[PDB]
Amino acid sequence: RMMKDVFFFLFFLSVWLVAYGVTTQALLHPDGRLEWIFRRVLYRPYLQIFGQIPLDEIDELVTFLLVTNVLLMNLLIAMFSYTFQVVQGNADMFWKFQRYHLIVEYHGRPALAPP
Amino acid sequence: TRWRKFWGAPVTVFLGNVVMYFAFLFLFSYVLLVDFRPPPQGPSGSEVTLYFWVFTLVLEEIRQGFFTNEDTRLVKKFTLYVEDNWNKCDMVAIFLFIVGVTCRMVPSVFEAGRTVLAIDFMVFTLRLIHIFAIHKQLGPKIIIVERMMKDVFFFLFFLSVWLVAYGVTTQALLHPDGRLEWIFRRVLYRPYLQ
Amino acid sequence: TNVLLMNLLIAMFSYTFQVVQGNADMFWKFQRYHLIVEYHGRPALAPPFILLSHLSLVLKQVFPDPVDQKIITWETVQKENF
Amino acid sequence: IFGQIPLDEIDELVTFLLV
Amino acid sequence: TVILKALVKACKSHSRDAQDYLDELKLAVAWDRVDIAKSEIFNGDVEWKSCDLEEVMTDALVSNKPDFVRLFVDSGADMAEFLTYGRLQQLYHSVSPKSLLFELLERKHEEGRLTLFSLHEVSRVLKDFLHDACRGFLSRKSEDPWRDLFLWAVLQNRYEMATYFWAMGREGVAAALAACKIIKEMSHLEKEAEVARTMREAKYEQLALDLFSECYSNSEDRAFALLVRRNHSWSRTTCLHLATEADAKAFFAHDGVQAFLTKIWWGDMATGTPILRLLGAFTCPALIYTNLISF
Amino acid sequence: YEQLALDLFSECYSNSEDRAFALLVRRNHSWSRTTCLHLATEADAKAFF
């Protein structure tokens, strides 16, 4: 259920990352090439996000944005943690049920191997 | 009748407004990334359509703010309005938008006419962030995260200064550089990169 | 040491978050109410057609007791009941 | 996984993988 | 206790009189052994009449001892018949200067006097508090009694009499939220710290939300209709408007009004609408005719 | 004892809320003319504060 949820959040988070990237791209350089423009807008910034900051193509208010993004990621983690707790109760019974289903199937299954 | 029911429905209006909003944002992104090329007047969609957008947006905002309930004292309505933090972000938004328009009027300051719009563009992103509270789940999380982030942002400054002093001590210990550029570089980028 | 201090800062953040879990479930609700009542207010036209909608509005500007009584009675009744 | 993505041999989807 | 018991026994033995037992009740006021006064004076043969009891009731209203007032209106007292504008005048006059209410009225009256215990002044202040009703305007008998008296009680920061007066108020919740907003404002303006906290400790909105929950459990649609109305007692304004004025989030937090908002959120086929169904309905404009989703 | 002290003080402050702010700093005759605060500090009666 937690992952069934987080799919929504991963959208807004991704869009925010893309916005930061587009800002940095229109900040660093002066390109008509659609592939090159889309690359310098999407791949290079995500690369800077994972420790690939090509200063040779970027250097001839970023610190605040970086620390704010770090804090936002921490808050996403705290969201996941806060959501994790409550589930355990209903999880107990549900897993119990799933167990029965699995066992009755396995007894139903034949002896021979999949090969 | 069915058409009136489908369209007049408030939720549908909000959905369409979100769609047109995202389209506004991406189209303005492309228009800036393209019309950046000519310092002179520029393509029609770049400036004229942009002015139409921002004027319409300001009109809707001001009408919603001022003429919704009653023609009470303007001072009371203003004091209510300025109290909201989203109203504050929208105010700095309008400030940045007009500053960007004025700098785009400036052809000699091309760097300025570019950087103002660059810094400005994050505004629509921020507003889109707040405009997603409708759904059940993440709403409360975002709401609480707002206040928690305010409280924590009050905290960060001290540790940042601590890291800065650490970097300063290490730099003044390592290579005992009158060039201000390289000095500021070895003072700021080296510790952050570490 | 800096790493440990940062981890404890993150722990402080998680503590402040988990501590404030109560008020949100209501505060967000109130915000949602303001949101809905505003969106009901927004005219049907889109931002590009918002100008047309405003012009149409300016043009339009230029251009029971028995049942309620029964309800009042019902409500007072329920009051005595509670 | 430790942050060493050598695009010199990787570039002549993944974002979903990272998240 | 036994003192008053003997007093009333002797009074009765000597004679059975409305005015004698009247004086005896006047004695019992301060003693306030109502559990004995009702039994001795009222459980007995002697019958009471509205006038005598009404004068002593004015006394008891000044007393701020509600239980006797309850017994008295149980004695067939018609406060509706008792109420006159001049009665309200003298009552609002009859307050302690310790009450910040008294100082507020004095300062408002002083501002009025320099510009050019007065009913007009009180209406001015109340309108300044809510601005949702400008009602205001001695021999003239005034309609809507219980509303007015309840308002007086809340202003005097006396909680018990306030609850009793609400108990027979015509309007359901509107008055309750009005009171919440007013007492919040007064607390924000309260002078003495402990007095300020005690003011802040009202919690009428709890009563409001409870009554609303009760009526909702029963009608579940008429209750909806209730929230949306106009109340002549309150300048025919919506309760929701009052909720906004008081900014009492707690009341909104009640699920019932939330489901009502969910209903208004669509306008047609609200509760049953999958998100994907809504998106697809937006996709082709003929879905409304297609009858894929109810309407 | 600390609980007894704190209870007494809480009550006598709830009553007046200003006379309390006299009792703290006032001198006390019986204990050789000293301040209640000084005794508290010497006691390290952390809970009292």
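How many of the residues in region A:55-75 are touching a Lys or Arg at 6+ places or on another chain (Cβ under 9 Å) and either polar (S, T, N, Q) or surrounded by 12 or more Cβ atoms within 10 Å (Cβ to Cβ) (or both)?
Count: 2.
Considering region B:112-128 alone, what residues qualify as being within 11 Å of another protein chain (Cβ to nearest Cβ) and of a type outside the set (A, V, I, L, M, F, W, C)?
Selection gives B:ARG114, B:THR115, B:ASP120, B:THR125.
Residue pairs, Cβ under 6 Å, 6 or more apart or interchain, first in region E:4-31 and loosely packed, with under 15 Cβ neighbours inside 10 Å, second among the acidic types (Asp, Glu). List them.
E:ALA18/E:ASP52
Since E:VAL8 meets every condition but one in (1) in a helix (DSSP H, G or I); (2) in contact with a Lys or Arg (Cβ under 9 Å, 6 or more places away or on another chain); (3) β-branched (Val, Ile, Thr), which condition does it not meet?
In the conditions (1) in a helix (DSSP H, G or I); (2) in contact with a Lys or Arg (Cβ under 9 Å, 6 or more places away or on another chain); (3) β-branched (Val, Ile, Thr), E:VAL8 misses (2) alone.
When you go through E:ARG170, E:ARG222 one by one, which is the residue that is within 11 Å of chain C (Cβ to nearest Cβ), basic (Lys, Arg) and either crowded, with 18+ Cβ neighbours inside 10 Å or under 26 Å from E:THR58 (Cα atoms) (or both)?
Result: E:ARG170 is the single residue among E:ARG170, E:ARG222 that is within 11 Å of chain C (Cβ to nearest Cβ), basic (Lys, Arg) and either crowded, with 18+ Cβ neighbours inside 10 Å or under 26 Å from E:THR58 (Cα atoms) (or both).
Which one of A:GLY32, A:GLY51, A:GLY89 is loosely packed, with under 12 Cβ neighbours inside 10 Å, of a type outside the set (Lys, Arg) and at positive phi?
None of the other options fit; the residue is A:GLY51.
Please enumerate the residues belonging to region A:1-27 that are farther than 16 Å from A:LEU66 by Cα, over 12 Å from the mean Cα position of the chain (by Cα) and more than 10 Å from every other protein chain (Cβ to nearest Cβ).
If the condition is that a residue be farther than 16 Å from A:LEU66 by Cα, over 12 Å from the mean Cα position of the chain (by Cα) and more than 10 Å from every other protein chain (Cβ to nearest Cβ), then A:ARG1, A:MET2, A:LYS4 are the ones that fit.
Kindly check whether there is at least one residue in region E:268-290 that is within 10 Å of another protein chain (Cβ to nearest Cβ) and in contact with a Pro (Cβ under 7 Å, 6 or more places away or on another chain).
For region E:268-290, residues within 10 Å of another protein chain (Cβ to nearest Cβ) and in contact with a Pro (Cβ under 7 Å, 6 or more places away or on another chain): absent.
Can you name the condition, by its number, that E:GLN258 falls short on among (1) within 14 Å of chain B (Cβ to nearest Cβ); (2) more than 22 Å from C:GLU75 (Cα to Cα)?
Going through the list (1) within 14 Å of chain B (Cβ to nearest Cβ); (2) more than 22 Å from C:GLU75 (Cα to Cα), E:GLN258 breaks only (2).
Please verify whether E:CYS134 is in contact with a helix residue (DSSP H, G or I) (Cβ under 6 Å, 6 or more places away or on another chain) and outside any helix (DSSP H, G or I), treating the condition exactly as stated.
Considered against the rule, which asks whether it is in contact with a helix residue (DSSP H, G or I) (Cβ under 6 Å, 6 or more places away or on another chain) and outside any helix (DSSP H, G or I), E:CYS134 comes out as yes.
Of (1) of a type outside the set (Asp, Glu); (2) on the phi > 0 side of the Ramachandran plot; (3) surrounded by 14 or more Cβ atoms within 10 Å (Cβ to Cβ), E:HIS131 satisfies all except one. Which?
(3)
Could you tell me whether region F:39-46 includes any residue that is closer than 23 Å to E:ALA196 by Cα and among the aliphatic types (A, V, I, L, M)? Please lay out each step first, then the result.
To start, the set of residues in region F:39-46 that are closer than 23 Å to E:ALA196 by Cα comprises none.
Among the residues of region F:39-46, not one is closer than 23 Å to E:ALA196 by Cα and among the aliphatic types (A, V, I, L, M), which makes the answer no.
Counting just the residues of region C:32-63 that are more than 9 Å from chain B (Cβ to nearest Cβ) and β-branched (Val, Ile, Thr), which one comes out surrounded by the most Cβ atoms within 10 Å (Cβ to Cβ)?
The residue in question is C:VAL37.
Is it the case that region B:147-156 has a residue that's more than 9 Å from every other protein chain (Cβ to nearest Cβ), surrounded by 14 or more Cβ atoms within 10 Å (Cβ to Cβ) and farther than 30 Å from A:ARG1 by Cβ? Give the derivation first.
Of region B:147-156, the ones more than 9 Å from every other protein chain (Cβ to nearest Cβ) are B:150, B:154.
From what is left, the residues that are surrounded by 14 or more Cβ atoms within 10 Å (Cβ to Cβ) are none.
Among the residues of region B:147-156, not one is more than 9 Å from every other protein chain (Cβ to nearest Cβ), surrounded by 14 or more Cβ atoms within 10 Å (Cβ to Cβ) and farther than 30 Å from A:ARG1 by Cβ, which makes the answer no.
Having 2 or more residues that are farther than 25 Å from E:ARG230 by Cβ and within 26 Å of the chain's Cα centre (by Cα) is the bar; report the helices (runs of 4 or more DSSP H) wholly within chain C that clear it. Can you show your working first?
Details: elements: C:2-19, C:21-41, C:47-62, C:65-81.
In chain C, C:2-19, C:21-41, C:47-62 are the helices (runs of 4 or more DSSP H) which contain 2 or more residues that are farther than 25 Å from E:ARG230 by Cβ and within 26 Å of the chain's Cα centre (by Cα).
For the structure I just gave you, tell me whether B:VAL54 is within 14 Å of chain E (Cβ to nearest Cβ), part of a helix (DSSP H, G or I) and surrounded by 15 or more Cβ atoms within 10 Å (Cβ to Cβ).
So B:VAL54 fails the test.
Readers should treat all values here as calculations from the given coordinates under stated rules, not as data from a laboratory. Note that each Cβ is placed from the backbone with ideal geometry, even for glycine, and that neighbours are counted across all protein chains shown.
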